[PDB]
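S.K.: Starting off with a structure, shown below.
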Amino acid sequence: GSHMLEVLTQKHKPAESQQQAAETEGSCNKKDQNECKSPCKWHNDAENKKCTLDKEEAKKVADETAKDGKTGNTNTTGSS
C-alpha cells in the first residue's frame, strides 16, 4: 500500500481496471471468477468453479521486467 510507482497498468492491454498485483493463494481462493487475478489460476467445472494462486504464474507476473523495475536494452556485458 505504498508503491513507488503510480500507474496501475496503462498500456496496450485490451482491458483496464485494478492494477495487476501478485496476489496469494489465500486471496485467490476468495476471489470470484472476475476477481480471479492473473497470478491465481481459474478452475473450470471445479464442481462450483474455483480460483487458486499459482507459483508458476506468480513467477511470471513478477518477472514481467517492469513491475520490479524498468529493464530493456543494455544491462549486463553490454556496458563494456
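Quick note on naming: the chains in the C-alpha cells go A, B, ... in the order shown, residues restart at 1 in each chain, and ligands are numbered from 1 in order of appearance.
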DSSP on the backbone: what in chain A comes out strand (DSSP E or B), as a list in words?

M.R.: residues 42, 43, 50 and 51 of chain A

S.K.: Take the residues from that selection and put them in a file with C-alpha atoms, as an mmCIF file, in the first residue's frame.

M.R.:
data_model
loop_
_atom_site.group_PDB
_atom_site.id
_atom_site.type_symbol
_atom_site.label_atom_id
_atom_site.label_comp_id
_atom_site.auth_asym_id
_atom_site.auth_seq_id
_atom_site.Cartn_x
_atom_site.Cartn_y
_atom_site.Cartn_z
ATOM 1 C CA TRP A 42 -9.054 -20.355 -12.730
ATOM 2 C CA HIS A 43 -10.564 -23.834 -12.471
ATOM 3 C CA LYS A 50 -12.570 -22.438 -8.064
ATOM 4 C CA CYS A 51 -9.696 -19.933 -8.169
#

S.K.: Neighbours of range 63-76 of chain A within 9 Å (only C-alpha atoms; same-chain residues fewer than 5 positions away dropped), as a PDB file with C-alpha atoms, in the first residue's frame?

M.R.:
ATOM      1  CA  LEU A   5       5.275   3.927  -8.971  1.00  0.00           C
ATOM      2  CA  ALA A  21      -0.615  -7.322  -8.362  1.00  0.00           C
ATOM      3  CA  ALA A  58       3.185 -15.655  -9.830  1.00  0.00           C
TER       4      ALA A  58
END

S.K.: Could you give me, as a compact mmCIF listing (two decimals) with C-alpha atoms, in the first residue's frame, each residue of chain A that DSSP assigns to alpha helix (DSSP H) when run on this structure's backbone?

M.R.:
# COMPACT_ATOMS: atom_id res chain seq x y z
CA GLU A 25 -3.19 -18.47 -2.51
CA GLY A 26 -5.26 -17.13 0.36
CA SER A 27 -6.63 -14.21 -1.65
CA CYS A 28 -7.21 -16.14 -4.89
CA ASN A 29 -9.42 -18.72 -3.17
CA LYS A 30 -11.61 -15.85 -2.01
CA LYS A 55 3.54 -20.24 -8.12
CA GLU A 56 4.48 -20.57 -11.79
CA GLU A 57 2.09 -17.79 -12.77
CA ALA A 58 3.19 -15.65 -9.83
CA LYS A 59 6.78 -16.00 -11.01
CA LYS A 60 5.86 -14.70 -14.46
CA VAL A 61 3.67 -11.88 -13.11
CA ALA A 62 6.59 -10.66 -11.02

S.K.: Find the spatial neighbours of residue 17 in chain A, counting only C-alpha atoms, within a cut-off of 10 Å - ignore same-chain residues fewer than 5 positions away - and output them as a PyMOL selection string.

M.R.: chain A and resi 8-10

S.K.: Store the residues picked out above in a file with C-alpha atoms, as a CSV table (one decimal), in the first residue's frame.

M.R.:
chain,number,residue,atom,x,y,z
A,8,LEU,CA,-2.0,0.9,-12.4
A,9,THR,CA,-1.4,-0.7,-15.8
A,10,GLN,CA,-1.7,1.9,-18.6

S.K.: To one decimal place, how far is CA of residue 36 in chain A from CA of residue 52 in chain A in Å?

M.R.: 7.8 Å

S.K.: What is the distance, in Å and to one decimal place, between CA of residue 38 in chain A and CA of residue 24 in chain A?

M.R.: 10.7 Å

S.K.: Give me, as a list in words, all polymer residues having an atom no more than 8 Å from residue 37 in chain A, counting only C-alpha atoms and skipping those fewer than 6 positions away in the same chain.

M.R.: residues 20, 23, 28 and 31 of chain A

S.K.: In Å, with one decimal, what is the gap from CA of residue 45 in chain A to CA of residue 14 in chain A?

M.R.: 26.1 Å
